[PDB]
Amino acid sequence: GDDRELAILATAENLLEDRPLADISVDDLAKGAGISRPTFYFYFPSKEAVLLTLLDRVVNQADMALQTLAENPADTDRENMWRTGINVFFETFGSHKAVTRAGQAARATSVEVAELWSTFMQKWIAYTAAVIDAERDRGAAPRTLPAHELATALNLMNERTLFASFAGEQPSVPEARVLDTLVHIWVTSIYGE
């Protein structure tokens, strides 16, 4: 049921810690979840569909966490308010680096992974632009760039920079410095004249 399904998802997330989706067979997932290969196909149509569900859960987990923040404003200054929002992504994706890495690789080959990512990026950018506009309306931020274009560049910077950090790419910001680095660039570009 949701038991064999969860077992399959947990197995795939464990195996993805060690090798790419290419080195993982349906037999590996089935054996890890303690079921046969034809039984696997009753829960998922392919190993690609397993990754899509894992990605969908992590993305939604990030999106729900940001919604919670939105509904429960922290009582602190502006720089800290941005930091707690960026942190949702740093901690949610940073707690699932194997899925994040595999999902990024699948954007190239999977229309559904590309559309899921694109849909949520559009939503986070529109939320970011809405916050910038509210700040501009209250006179706390200057009318500089179009808010939506500024939001789009800053969300793409975060996608790329967090991802480089979590993958240990050359070049990357160390993971223990990446939150501070991004918050500085967001605050200075949103509030700077």
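In case it trips you up, residue 1 is the first one in the sequence shown, and so on.
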Mean temperature factor over C-alpha atoms, higher-scoring stretch between 126-134 and 147-155: 126-134
Tell me which stretch has the larger mean Cα B-factor in this entry, 32-40 or 53-61. 32-40
Out of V99, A108, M121, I86, residue topping the C-alpha B-factor column of the entry: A108
Which one of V173, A22, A12, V183 shows the top CA temperature factor in the record? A22
If you rank the chain by CA B-factor, which third does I8 end up in: lowest, middle or highest? middle
Taking the values exactly as deposited, rank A140 by C-alpha B-factor within its chain and report the matching third: lowest, middle or highest. highest
For the chain shown, is the CA B-factor of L66 in the lowest, middle or highest third of its modelled residues? middle
